[PDB]
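A.B. asks: The following block contains the structure, expressed as structure tokens.
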There are 2 protein chains.
Amino acid sequence: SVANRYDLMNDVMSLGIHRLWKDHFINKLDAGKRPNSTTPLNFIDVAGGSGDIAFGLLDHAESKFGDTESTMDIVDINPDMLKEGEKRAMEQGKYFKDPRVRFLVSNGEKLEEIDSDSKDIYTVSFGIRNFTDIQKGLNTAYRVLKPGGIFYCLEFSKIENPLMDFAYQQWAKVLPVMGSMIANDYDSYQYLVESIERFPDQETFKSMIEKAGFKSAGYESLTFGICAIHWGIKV
Amino acid sequence: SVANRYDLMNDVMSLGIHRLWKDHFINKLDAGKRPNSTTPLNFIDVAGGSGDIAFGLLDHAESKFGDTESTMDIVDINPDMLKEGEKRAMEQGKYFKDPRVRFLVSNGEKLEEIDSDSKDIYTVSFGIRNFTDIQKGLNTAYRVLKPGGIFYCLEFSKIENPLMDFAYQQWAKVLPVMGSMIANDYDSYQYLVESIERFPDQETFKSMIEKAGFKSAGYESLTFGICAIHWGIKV
């Protein structure tokens with residue numbers, strides 16, 4: 001199971017703390033059809049096929065706003081990931097065979113199957129660092145949102161403090177060595193560490209988001225900047 | 001959820017490989033009433049109240065031998081761990097409210113509620129290193145088992161590959177540091193590292209097993225001795 005591996009890797013990298021970042025990410029977004037409204041919202045979640053963010057967005061909308069009508073497209077380029085999503089949906093007995101929830105194979109940079117100006121909320125969580133073309137992803141995220149749409153991102157970022165950054169770098173050195181020796185999994189851990197290293201820092205990423213067309217771009221650094229929430233608004 | 005924290009920490013320490021050590025442990029024991037036999041086995045599993053190993057032992061017996069009769073005493077000194085085991089059993093739809101499987105609170109070093117010479121298989125999986133008196137827990141294992149009973153133990157051990165040892169030493173230094181920085185939890189990770197360091201090596205632990213009175217004792221080192229399986233047979 002590929003999704004089991006990503007979960008494992010995320011748990012190892014962040015010592016389980018990514019679960020709390022995600023909880024925060026959802027709470028902060030505070031998205032959903034208000035009891036004062038009759039228009040249901042249209043969600044899209046990209047590059048998290050196994051669905052922990054998508055389901056949590058939906059769960060949050062239900063328990064806090066009574067929203068049970070908002071739709072959700074869960075999109076990933078990896079079919080295996082979406083398969084694990086559906087399986088988890090079946091096993092938890094929620095969002096499996098649900099008209100509201102669609103699982104779709106699609107390239108995160110193109111999203112051809114999705115209509116321009118169709119979406120209200122776009123989320124990408126710990127996936128965008130692996131896009132071969134990050135800007136094209138952000139541009140594409142601009143396309144599919146409606147005016148007044150919100151782009152929300154959770155991704156690894158840059159640690160500001162030198163002492164913490166130094167510790168993290170030693171952690172990033174040892175991680176692929178341990179993986180190799182213990183799990184014959186050098187390549188996976190090396191790619192993970194490199195994709196974090198290569199990812200733009202808070203300010204650079206915010207600019208790339210404004211360059212895509214989004215306005216009132218901001219970010220909140222979490223756990224000293226080991227990761228960050230970025231946002232944007234379409235026109 | 002105390003059981004999920006142990007799971008998380010085991011995943012992090014072993015990079016998920018403890019799951020494979022656990023499968024190998026169950027498969028190597030190969031316990032269960034054979035089809036040309038009519039005698040159910042009486043299993044006792046100590047200090048794994050969540051029931052990871054106990055459920056797996058029962059599953060293995062059923063899928064491989066058709067054994068649906070053997071009994072299992074899941075024993076843990078922590079009622080919260082057993083509580084999680086019962087919750088998992090209910091959510092699985094297996095081993096919950098099931099006369100075959102008892103969840104019992106008891107100090108694993110004493111097992112006072114457990115009768116002498118009543119068990120066929122004793123298993124302890126990543127628990128015995130945290131016994132305040134290990135020899136006492138071994139003697140108790142000897143007591144509860146029948147003549148011919150098997151003591152089977154999965155535990156961290158002494159690494160026997162110098163290169164793996166060198167990598168591990170770096171790992172054990174930086175891990176609790178990440179615990180401090182990311183998890184605000186130095187203590188748990190350092191306690192884990194120290195608990196492993198204080199455990200007897202393969203040969204010393206074998207001796208202790210023999211000291212308890214077990215015969216034909218042995219061990220198999222896993223992943224260069226990062227952990228090991230130890231066994232003993234009652235008289």
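The way I read the labels, and the way they are meant: chains A, B, ... in the order of the structure tokens, residue 1 as the first residue of every chain, and ligand 1 as the first ligand shown, with later ones counted on from there.
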Quick one: residues within 9 Å of residue 44 of chain A, only C-alpha atoms, excluding same-chain residues fewer than 3 positions away - as an MDAnalysis selection string?

C.D. replies: chainID A and resid 54 71:75 119:124

A.B. asks: Those residues with N, CA and C atoms, as a tab-separated table (two decimals), in the first residue's frame please?

C.D. replies:
```
chain	number	residue	atom	x	y	z
A	54	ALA	N	-9.54	15.87	2.79
A	54	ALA	CA	-10.86	15.98	2.16
A	54	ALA	C	-11.99	15.56	3.11
A	71	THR	N	-20.10	19.67	-2.04
A	71	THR	CA	-19.46	18.61	-2.80
A	71	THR	C	-17.93	18.68	-2.71
A	72	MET	N	-17.28	17.57	-3.04
A	72	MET	CA	-15.84	17.43	-2.89
A	72	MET	C	-15.28	16.56	-3.99
A	73	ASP	N	-14.39	17.13	-4.80
A	73	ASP	CA	-13.58	16.35	-5.73
A	73	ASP	C	-12.22	16.08	-5.10
A	74	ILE	N	-11.92	14.80	-4.91
A	74	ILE	CA	-10.63	14.34	-4.42
A	74	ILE	C	-9.83	13.91	-5.65
A	75	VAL	N	-8.77	14.66	-5.94
A	75	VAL	CA	-7.98	14.49	-7.16
A	75	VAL	C	-6.53	14.16	-6.84
A	119	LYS	N	-14.92	26.02	-8.72
A	119	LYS	CA	-14.65	25.65	-7.32
A	119	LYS	C	-14.58	26.82	-6.34
A	120	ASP	N	-15.06	26.58	-5.12
A	120	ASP	CA	-15.07	27.60	-4.08
A	120	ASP	C	-13.86	27.50	-3.16
A	121	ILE	N	-13.43	26.26	-2.89
A	121	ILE	CA	-12.33	25.98	-1.98
A	121	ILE	C	-11.38	24.99	-2.64
A	122	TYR	N	-10.12	25.40	-2.79
A	122	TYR	CA	-9.07	24.51	-3.28
A	122	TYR	C	-8.10	24.23	-2.12
A	123	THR	N	-7.88	22.96	-1.80
A	123	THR	CA	-6.88	22.57	-0.79
A	123	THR	C	-5.82	21.64	-1.37
A	124	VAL	N	-4.57	21.87	-0.99
A	124	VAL	CA	-3.47	20.95	-1.29
A	124	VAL	C	-2.61	20.84	-0.03
```

A.B. asks: Could you please select, counting only C-alpha atoms, the residues of chain A within 12 Å of chain B and state them as a PDB file with N, CA and C atoms, in the first residue's frame?

C.D. replies:
```
ATOM      1  N   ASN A   4      -0.233   3.968   2.695  1.00  0.00           N
ATOM      2  CA  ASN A   4       0.300   3.572   3.996  1.00  0.00           C
ATOM      3  C   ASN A   4       1.732   4.060   4.185  1.00  0.00           C
ATOM      4  N   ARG A   5       2.517   3.985   3.112  1.00  0.00           N
ATOM      5  CA  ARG A   5       3.900   4.437   3.122  1.00  0.00           C
ATOM      6  C   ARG A   5       4.039   5.944   3.307  1.00  0.00           C
ATOM      7  N   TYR A   6       3.207   6.732   2.616  1.00  0.00           N
ATOM      8  CA  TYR A   6       3.232   8.190   2.761  1.00  0.00           C
ATOM      9  C   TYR A   6       2.842   8.612   4.167  1.00  0.00           C
ATOM     10  N   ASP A   7       1.806   7.971   4.708  1.00  0.00           N
ATOM     11  CA  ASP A   7       1.386   8.180   6.088  1.00  0.00           C
ATOM     12  C   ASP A   7       2.533   7.890   7.042  1.00  0.00           C
ATOM     13  N   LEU A   8       3.182   6.745   6.831  1.00  0.00           N
ATOM     14  CA  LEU A   8       4.305   6.328   7.644  1.00  0.00           C
ATOM     15  C   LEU A   8       5.406   7.372   7.569  1.00  0.00           C
ATOM     16  N   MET A   9       5.794   7.731   6.349  1.00  0.00           N
ATOM     17  CA  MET A   9       6.819   8.748   6.130  1.00  0.00           C
ATOM     18  C   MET A   9       6.495  10.095   6.786  1.00  0.00           C
ATOM     19  N   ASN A  10       5.258  10.563   6.635  1.00  0.00           N
ATOM     20  CA  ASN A  10       4.829  11.797   7.287  1.00  0.00           C
ATOM     21  C   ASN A  10       4.893  11.702   8.803  1.00  0.00           C
ATOM     22  N   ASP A  11       4.460  10.562   9.340  1.00  0.00           N
ATOM     23  CA  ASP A  11       4.546  10.298  10.772  1.00  0.00           C
ATOM     24  C   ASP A  11       5.982  10.301  11.262  1.00  0.00           C
ATOM     25  N   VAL A  12       6.883   9.730  10.470  1.00  0.00           N
ATOM     26  CA  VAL A  12       8.291   9.669  10.852  1.00  0.00           C
ATOM     27  C   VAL A  12       8.938  11.051  10.797  1.00  0.00           C
ATOM     28  N   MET A  13       8.738  11.761   9.689  1.00  0.00           N
ATOM     29  CA  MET A  13       9.333  13.084   9.490  1.00  0.00           C
ATOM     30  C   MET A  13       8.949  14.077  10.583  1.00  0.00           C
ATOM     31  N   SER A  14       7.673  14.069  10.965  1.00  0.00           N
ATOM     32  CA  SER A  14       7.133  15.061  11.885  1.00  0.00           C
ATOM     33  C   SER A  14       6.808  14.474  13.264  1.00  0.00           C
ATOM     34  N   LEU A  15       7.197  13.220  13.482  1.00  0.00           N
ATOM     35  CA  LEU A  15       6.933  12.524  14.738  1.00  0.00           C
ATOM     36  C   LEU A  15       5.444  12.584  15.093  1.00  0.00           C
ATOM     37  N   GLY A  16       4.614  12.373  14.078  1.00  0.00           N
ATOM     38  CA  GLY A  16       3.174  12.347  14.265  1.00  0.00           C
ATOM     39  C   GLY A  16       2.519  13.708  14.310  1.00  0.00           C
ATOM     40  N   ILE A  17       3.317  14.777  14.304  1.00  0.00           N
ATOM     41  CA  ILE A  17       2.775  16.120  14.543  1.00  0.00           C
ATOM     42  C   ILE A  17       2.013  16.694  13.340  1.00  0.00           C
ATOM     43  N   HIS A  18       2.291  16.173  12.149  1.00  0.00           N
ATOM     44  CA  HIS A  18       1.541  16.562  10.944  1.00  0.00           C
ATOM     45  C   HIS A  18       0.051  16.383  11.096  1.00  0.00           C
ATOM     46  N   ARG A  19      -0.350  15.418  11.928  1.00  0.00           N
ATOM     47  CA  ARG A  19      -1.765  15.227  12.280  1.00  0.00           C
ATOM     48  C   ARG A  19      -2.372  16.465  12.933  1.00  0.00           C
ATOM     49  N   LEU A  20      -1.585  17.133  13.775  1.00  0.00           N
ATOM     50  CA  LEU A  20      -2.033  18.346  14.450  1.00  0.00           C
ATOM     51  C   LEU A  20      -1.994  19.554  13.513  1.00  0.00           C
ATOM     52  N   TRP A  21      -0.973  19.630  12.657  1.00  0.00           N
ATOM     53  CA  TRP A  21      -0.940  20.673  11.625  1.00  0.00           C
ATOM     54  C   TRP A  21      -2.170  20.628  10.758  1.00  0.00           C
ATOM     55  N   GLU A  91     -14.434   1.542   4.818  1.00  0.00           N
ATOM     56  CA  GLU A  91     -14.151   0.996   6.141  1.00  0.00           C
ATOM     57  C   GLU A  91     -14.646   1.867   7.289  1.00  0.00           C
ATOM     58  N   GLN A  92     -14.620   3.188   7.110  1.00  0.00           N
ATOM     59  CA  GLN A  92     -15.162   4.098   8.122  1.00  0.00           C
ATOM     60  C   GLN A  92     -16.674   4.272   7.959  1.00  0.00           C
ATOM     61  N   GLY A  93     -17.202   3.800   6.830  1.00  0.00           N
ATOM     62  CA  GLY A  93     -18.621   3.905   6.508  1.00  0.00           C
ATOM     63  C   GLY A  93     -19.097   5.328   6.288  1.00  0.00           C
ATOM     64  N   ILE A 159      12.628  26.672   8.399  1.00  0.00           N
ATOM     65  CA  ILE A 159      12.795  27.002   9.807  1.00  0.00           C
ATOM     66  C   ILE A 159      13.629  28.273   9.901  1.00  0.00           C
ATOM     67  N   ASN A 161      14.786  29.925  12.884  1.00  0.00           N
ATOM     68  CA  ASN A 161      15.801  29.792  13.887  1.00  0.00           C
ATOM     69  C   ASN A 161      16.954  28.843  13.496  1.00  0.00           C
ATOM     70  N   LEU A 163      19.278  27.285  15.244  1.00  0.00           N
ATOM     71  CA  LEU A 163      19.518  26.154  16.120  1.00  0.00           C
ATOM     72  C   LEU A 163      18.581  24.999  15.758  1.00  0.00           C
ATOM     73  N   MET A 164      17.328  25.337  15.517  1.00  0.00           N
ATOM     74  CA  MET A 164      16.347  24.362  15.142  1.00  0.00           C
ATOM     75  C   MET A 164      16.593  23.869  13.755  1.00  0.00           C
ATOM     76  N   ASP A 165      16.994  24.759  12.875  1.00  0.00           N
ATOM     77  CA  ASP A 165      17.279  24.372  11.508  1.00  0.00           C
ATOM     78  C   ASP A 165      18.459  23.407  11.472  1.00  0.00           C
ATOM     79  N   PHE A 166      19.444  23.654  12.331  1.00  0.00           N
ATOM     80  CA  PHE A 166      20.621  22.810  12.381  1.00  0.00           C
ATOM     81  C   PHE A 166      20.276  21.381  12.801  1.00  0.00           C
ATOM     82  N   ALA A 167      19.444  21.254  13.826  1.00  0.00           N
ATOM     83  CA  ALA A 167      18.944  19.962  14.288  1.00  0.00           C
ATOM     84  C   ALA A 167      18.187  19.234  13.169  1.00  0.00           C
ATOM     85  N   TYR A 168      17.220  19.921  12.564  1.00  0.00           N
ATOM     86  CA  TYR A 168      16.487  19.392  11.414  1.00  0.00           C
ATOM     87  C   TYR A 168      17.388  18.870  10.281  1.00  0.00           C
ATOM     88  N   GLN A 169      18.453  19.599   9.948  1.00  0.00           N
ATOM     89  CA  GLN A 169      19.354  19.174   8.887  1.00  0.00           C
ATOM     90  C   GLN A 169      20.078  17.877   9.251  1.00  0.00           C
ATOM     91  N   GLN A 170      20.397  17.680  10.530  1.00  0.00           N
ATOM     92  CA  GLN A 170      21.046  16.430  10.953  1.00  0.00           C
ATOM     93  C   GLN A 170      20.035  15.294  10.889  1.00  0.00           C
ATOM     94  N   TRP A 171      18.789  15.618  11.201  1.00  0.00           N
ATOM     95  CA  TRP A 171      17.683  14.684  11.117  1.00  0.00           C
ATOM     96  C   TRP A 171      17.486  14.263   9.683  1.00  0.00           C
ATOM     97  N   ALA A 172      17.544  15.235   8.771  1.00  0.00           N
ATOM     98  CA  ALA A 172      17.397  14.970   7.350  1.00  0.00           C
ATOM     99  C   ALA A 172      18.555  14.177   6.754  1.00  0.00           C
ATOM    100  N   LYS A 173      19.745  14.260   7.360  1.00  0.00           N
ATOM    101  CA  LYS A 173      20.898  13.472   6.910  1.00  0.00           C
ATOM    102  C   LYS A 173      20.764  12.019   7.341  1.00  0.00           C
ATOM    103  N   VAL A 174      20.395  11.792   8.598  1.00  0.00           N
ATOM    104  CA  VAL A 174      20.359  10.444   9.148  1.00  0.00           C
ATOM    105  C   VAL A 174      19.161   9.628   8.630  1.00  0.00           C
ATOM    106  N   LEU A 175      18.081  10.316   8.280  1.00  0.00           N
ATOM    107  CA  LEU A 175      16.827   9.663   7.932  1.00  0.00           C
ATOM    108  C   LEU A 175      16.947   8.691   6.746  1.00  0.00           C
ATOM    109  N   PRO A 176      17.598   9.111   5.635  1.00  0.00           N
ATOM    110  CA  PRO A 176      17.763   8.178   4.527  1.00  0.00           C
ATOM    111  C   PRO A 176      18.790   7.081   4.767  1.00  0.00           C
ATOM    112  N   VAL A 177      19.711   7.306   5.694  1.00  0.00           N
ATOM    113  CA  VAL A 177      20.649   6.257   6.100  1.00  0.00           C
ATOM    114  C   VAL A 177      19.921   5.154   6.889  1.00  0.00           C
ATOM    115  N   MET A 178      19.089   5.558   7.844  1.00  0.00           N
ATOM    116  CA  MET A 178      18.311   4.612   8.632  1.00  0.00           C
ATOM    117  C   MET A 178      17.339   3.851   7.739  1.00  0.00           C
ATOM    118  N   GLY A 179      16.647   4.582   6.872  1.00  0.00           N
ATOM    119  CA  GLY A 179      15.717   3.975   5.938  1.00  0.00           C
ATOM    120  C   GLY A 179      16.391   2.895   5.118  1.00  0.00           C
ATOM    121  N   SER A 180      17.544   3.228   4.548  1.00  0.00           N
ATOM    122  CA  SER A 180      18.300   2.294   3.795  1.00  0.00           C
ATOM    123  C   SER A 180      18.627   1.026   4.528  1.00  0.00           C
ATOM    124  N   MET A 181      19.142   1.158   5.730  1.00  0.00           N
ATOM    125  CA  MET A 181      19.672   0.063   6.499  1.00  0.00           C
ATOM    126  C   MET A 181      18.570  -0.792   7.052  1.00  0.00           C
ATOM    127  N   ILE A 182      17.496  -0.168   7.424  1.00  0.00           N
ATOM    128  CA  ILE A 182      16.423  -0.842   8.137  1.00  0.00           C
ATOM    129  C   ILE A 182      15.303  -1.310   7.210  1.00  0.00           C
ATOM    130  N   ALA A 183      15.056  -0.559   6.145  1.00  0.00           N
ATOM    131  CA  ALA A 183      13.897  -0.808   5.303  1.00  0.00           C
ATOM    132  C   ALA A 183      14.256  -0.919   3.834  1.00  0.00           C
ATOM    133  N   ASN A 184      15.556  -0.951   3.527  1.00  0.00           N
ATOM    134  CA  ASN A 184      16.042  -0.865   2.140  1.00  0.00           C
ATOM    135  C   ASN A 184      15.328   0.218   1.334  1.00  0.00           C
ATOM    136  N   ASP A 185      15.092   1.358   1.974  1.00  0.00           N
ATOM    137  CA  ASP A 185      14.268   2.395   1.367  1.00  0.00           C
ATOM    138  C   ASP A 185      14.985   3.747   1.273  1.00  0.00           C
ATOM    139  N   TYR A 186      16.267   3.702   0.920  1.00  0.00           N
ATOM    140  CA  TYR A 186      17.063   4.912   0.745  1.00  0.00           C
ATOM    141  C   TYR A 186      16.375   5.933  -0.162  1.00  0.00           C
ATOM    142  N   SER A 188      13.342   6.545  -1.234  1.00  0.00           N
ATOM    143  CA  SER A 188      12.142   7.232  -0.770  1.00  0.00           C
ATOM    144  C   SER A 188      12.472   8.342   0.204  1.00  0.00           C
ATOM    145  N   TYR A 189      13.342   8.047   1.168  1.00  0.00           N
ATOM    146  CA  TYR A 189      13.670   9.037   2.185  1.00  0.00           C
ATOM    147  C   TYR A 189      14.513  10.168   1.604  1.00  0.00           C
ATOM    148  N   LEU A 222       4.055  27.210  11.013  1.00  0.00           N
ATOM    149  CA  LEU A 222       3.740  26.334  12.106  1.00  0.00           C
ATOM    150  C   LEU A 222       4.973  25.652  12.625  1.00  0.00           C
ATOM    151  N   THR A 223       4.971  25.394  13.915  1.00  0.00           N
ATOM    152  CA  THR A 223       6.066  24.716  14.606  1.00  0.00           C
ATOM    153  C   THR A 223       7.419  25.264  14.112  1.00  0.00           C
ATOM    154  N   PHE A 224       7.588  26.570  14.324  1.00  0.00           N
ATOM    155  CA  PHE A 224       8.822  27.291  14.010  1.00  0.00           C
ATOM    156  C   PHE A 224       9.174  27.309  12.525  1.00  0.00           C
ATOM    157  N   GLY A 225       8.193  27.050  11.673  1.00  0.00           N
ATOM    158  CA  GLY A 225       8.423  27.123  10.235  1.00  0.00           C
ATOM    159  C   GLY A 225       8.773  25.809   9.561  1.00  0.00           C
ATOM    160  N   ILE A 226       8.772  24.696  10.310  1.00  0.00           N
ATOM    161  CA  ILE A 226       8.993  23.359   9.723  1.00  0.00           C
ATOM    162  C   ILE A 226       7.939  23.112   8.640  1.00  0.00           C
ATOM    163  N   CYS A 227       6.750  23.664   8.842  1.00  0.00           N
ATOM    164  CA  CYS A 227       5.781  23.756   7.764  1.00  0.00           C
ATOM    165  C   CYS A 227       5.016  25.063   7.849  1.00  0.00           C
TER     166      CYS A 227
END
```

A.B. asks: List every residue of segment 40-221 of chain B that DSSP, applied to the backbone, labels as strand (DSSP E or B), and write the result as a PyMOL selection string.

C.D. replies: chain B and resi 42-46+71-76+101-105+119-125+145-156+214-221

A.B. asks: Would you mind listing what lies within 9 Å of residue 200 of chain A as a VMD selection string, with only C-alpha atoms counted and same-chain residues fewer than 5 positions away left out?

C.D. replies: chain A and resid 129 157 to 158 205

A.B. asks: Would you list the contacts of residue 36 of chain A as a list in words, taking every protein, DNA or RNA residue within 12 Å and counting only C-alpha atoms, but skipping same-chain residues closer than 4 positions in sequence?

C.D. replies: residues 32, 40, 65, 66 and 67 of chain A

A.B. asks: Suppose we keep N, CA, C and O atoms; can you now write the selection as a short mmCIF file (atom, residue, chain, number, x, y, z; two decimals), in the first residue's frame?

C.D. replies:
```
data_model
loop_
_atom_site.label_atom_id
_atom_site.label_comp_id
_atom_site.auth_asym_id
_atom_site.auth_seq_id
_atom_site.Cartn_x
_atom_site.Cartn_y
_atom_site.Cartn_z
N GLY A 32 -17.31 25.98 4.82
CA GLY A 32 -18.59 25.27 4.84
C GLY A 32 -19.82 26.13 4.60
O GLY A 32 -19.79 27.34 4.81
N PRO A 40 -24.82 25.43 -1.57
CA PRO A 40 -23.79 24.50 -1.12
C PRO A 40 -22.48 24.78 -1.84
O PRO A 40 -22.49 25.10 -3.03
N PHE A 65 -21.37 23.44 11.11
CA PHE A 65 -22.31 24.27 10.36
C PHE A 65 -23.56 23.51 9.90
O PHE A 65 -24.48 24.11 9.33
N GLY A 66 -23.60 22.20 10.15
CA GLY A 66 -24.71 21.35 9.71
C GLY A 66 -24.71 21.12 8.21
O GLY A 66 -25.70 20.65 7.65
N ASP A 67 -23.60 21.47 7.56
CA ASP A 67 -23.43 21.32 6.12
C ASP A 67 -23.29 19.85 5.75
O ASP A 67 -22.34 19.19 6.19
#
```

A.B. asks: Would you list the contacts of residue 63 of chain B as an mmCIF file with N, CA, C and O atoms, in the first residue's frame, taking every protein, DNA or RNA residue within 12 Å and counting only C-alpha atoms, but skipping same-chain residues closer than 3 positions in sequence?

C.D. replies:
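part18.cif written:
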```cif
data_model
loop_
_atom_site.group_PDB
_atom_site.id
_atom_site.type_symbol
_atom_site.label_atom_id
_atom_site.label_comp_id
_atom_site.auth_asym_id
_atom_site.auth_seq_id
_atom_site.Cartn_x
_atom_site.Cartn_y
_atom_site.Cartn_z
ATOM 1 N N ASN B 27 4.406 -15.539 12.526
ATOM 2 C CA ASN B 27 4.635 -16.611 11.556
ATOM 3 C C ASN B 27 5.641 -17.653 12.017
ATOM 4 O O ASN B 27 5.509 -18.829 11.705
ATOM 5 N N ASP B 30 4.039 -19.816 14.681
ATOM 6 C CA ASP B 30 3.160 -20.736 13.947
ATOM 7 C C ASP B 30 2.232 -21.538 14.879
ATOM 8 O O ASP B 30 2.061 -22.748 14.719
ATOM 9 N N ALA B 31 1.639 -20.842 15.844
ATOM 10 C CA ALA B 31 0.785 -21.454 16.850
ATOM 11 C C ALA B 31 -0.664 -21.581 16.372
ATOM 12 O O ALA B 31 -1.145 -20.778 15.569
ATOM 13 N N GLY B 32 -1.344 -22.609 16.873
ATOM 14 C CA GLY B 32 -2.744 -22.879 16.549
ATOM 15 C C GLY B 32 -3.031 -24.373 16.611
ATOM 16 O O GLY B 32 -2.144 -25.200 16.337
ATOM 17 N N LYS B 33 -4.263 -24.716 16.986
ATOM 18 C CA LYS B 33 -4.740 -26.098 16.942
ATOM 19 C C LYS B 33 -4.730 -26.587 15.495
ATOM 20 O O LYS B 33 -5.418 -26.026 14.646
ATOM 21 N N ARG B 34 -3.935 -27.621 15.229
ATOM 22 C CA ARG B 34 -3.858 -28.246 13.902
ATOM 23 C C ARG B 34 -5.185 -28.929 13.538
ATOM 24 O O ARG B 34 -5.948 -29.302 14.431
ATOM 25 N N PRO B 35 -5.472 -29.087 12.229
ATOM 26 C CA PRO B 35 -6.781 -29.636 11.851
ATOM 27 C C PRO B 35 -6.996 -31.093 12.309
ATOM 28 O O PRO B 35 -8.120 -31.468 12.626
ATOM 29 N N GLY B 56 -3.551 -10.857 16.145
ATOM 30 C CA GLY B 56 -2.783 -11.412 15.043
ATOM 31 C C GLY B 56 -2.483 -12.878 15.252
ATOM 32 O O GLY B 56 -2.460 -13.654 14.299
ATOM 33 N N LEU B 57 -2.258 -13.260 16.504
ATOM 34 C CA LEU B 57 -2.046 -14.664 16.832
ATOM 35 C C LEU B 57 -3.317 -15.465 16.550
ATOM 36 O O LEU B 57 -3.271 -16.515 15.905
ATOM 37 N N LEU B 58 -4.455 -14.949 17.008
ATOM 38 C CA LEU B 58 -5.738 -15.603 16.764
ATOM 39 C C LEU B 58 -6.091 -15.643 15.281
ATOM 40 O O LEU B 58 -6.582 -16.665 14.802
ATOM 41 N N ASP B 59 -5.822 -14.549 14.560
ATOM 42 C CA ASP B 59 -6.057 -14.489 13.106
ATOM 43 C C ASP B 59 -5.245 -15.536 12.364
ATOM 44 O O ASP B 59 -5.756 -16.209 11.461
ATOM 45 N N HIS B 60 -3.979 -15.666 12.750
ATOM 46 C CA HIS B 60 -3.066 -16.617 12.122
ATOM 47 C C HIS B 60 -3.526 -18.032 12.335
ATOM 48 O O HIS B 60 -3.414 -18.870 11.438
ATOM 49 N N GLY B 66 -7.470 -23.216 10.665
ATOM 50 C CA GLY B 66 -8.910 -23.317 10.841
ATOM 51 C C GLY B 66 -9.275 -23.294 12.310
ATOM 52 O O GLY B 66 -10.426 -23.533 12.668
ATOM 53 N N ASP B 67 -8.289 -22.992 13.154
ATOM 54 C CA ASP B 67 -8.478 -22.935 14.597
ATOM 55 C C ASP B 67 -9.341 -21.733 14.973
ATOM 56 O O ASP B 67 -8.917 -20.585 14.836
ATOM 57 N N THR B 68 -10.565 -22.008 15.427
ATOM 58 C CA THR B 68 -11.465 -20.963 15.916
ATOM 59 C C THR B 68 -11.877 -21.255 17.353
ATOM 60 O O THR B 68 -12.895 -20.754 17.822
#
```

A.B. asks: Which residues, written as a PyMOL selection string, have at least one atom at most 8 Å from residue 126 of chain A, with only C-alpha atoms counted and residues fewer than 2 positions away on the same chain left out?

C.D. replies: chain A and resi 47-48+124+128-129+154-156

A.B. asks: Would you mind exporting the chosen residues as a PDB file, in the first residue's frame, restricted to N, CA, C and O atoms?

C.D. replies:
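So part35.pdb came out as:
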```
ATOM      1  N   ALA A  47      -3.886  16.153  -4.719  1.00  0.00           N
ATOM      2  CA  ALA A  47      -2.657  15.468  -4.285  1.00  0.00           C
ATOM      3  C   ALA A  47      -2.681  14.860  -2.881  1.00  0.00           C
ATOM      4  O   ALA A  47      -1.629  14.595  -2.290  1.00  0.00           O
ATOM      5  N   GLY A  48      -3.878  14.631  -2.357  1.00  0.00           N
ATOM      6  CA  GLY A  48      -4.058  13.875  -1.117  1.00  0.00           C
ATOM      7  C   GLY A  48      -5.143  12.828  -1.319  1.00  0.00           C
ATOM      8  O   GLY A  48      -6.167  12.838  -0.631  1.00  0.00           O
ATOM      9  N   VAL A 124      -4.567  21.874  -0.994  1.00  0.00           N
ATOM     10  CA  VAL A 124      -3.470  20.952  -1.290  1.00  0.00           C
ATOM     11  C   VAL A 124      -2.614  20.836  -0.030  1.00  0.00           C
ATOM     12  O   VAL A 124      -2.176  21.838   0.539  1.00  0.00           O
ATOM     13  N   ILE A 128       2.071  19.565  -2.889  1.00  0.00           N
ATOM     14  CA  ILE A 128       2.519  20.516  -3.898  1.00  0.00           C
ATOM     15  C   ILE A 128       4.048  20.574  -4.057  1.00  0.00           C
ATOM     16  O   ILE A 128       4.541  20.903  -5.142  1.00  0.00           O
ATOM     17  N   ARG A 129       4.786  20.225  -2.998  1.00  0.00           N
ATOM     18  CA  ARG A 129       6.252  20.177  -3.069  1.00  0.00           C
ATOM     19  C   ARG A 129       6.762  19.140  -4.074  1.00  0.00           C
ATOM     20  O   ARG A 129       7.915  19.206  -4.498  1.00  0.00           O
ATOM     21  N   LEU A 154      -1.042  23.531   2.730  1.00  0.00           N
ATOM     22  CA  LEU A 154      -0.238  23.063   3.860  1.00  0.00           C
ATOM     23  C   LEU A 154       0.955  22.359   3.258  1.00  0.00           C
ATOM     24  O   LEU A 154       0.790  21.423   2.486  1.00  0.00           O
ATOM     25  N   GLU A 155       2.156  22.835   3.573  1.00  0.00           N
ATOM     26  CA  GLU A 155       3.378  22.264   3.009  1.00  0.00           C
ATOM     27  C   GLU A 155       4.557  22.500   3.948  1.00  0.00           C
ATOM     28  O   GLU A 155       4.533  23.438   4.748  1.00  0.00           O
ATOM     29  N   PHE A 156       5.577  21.642   3.852  1.00  0.00           N
ATOM     30  CA  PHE A 156       6.852  21.860   4.544  1.00  0.00           C
ATOM     31  C   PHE A 156       7.434  23.210   4.139  1.00  0.00           C
ATOM     32  O   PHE A 156       7.280  23.637   2.991  1.00  0.00           O
TER      33      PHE A 156
END
```
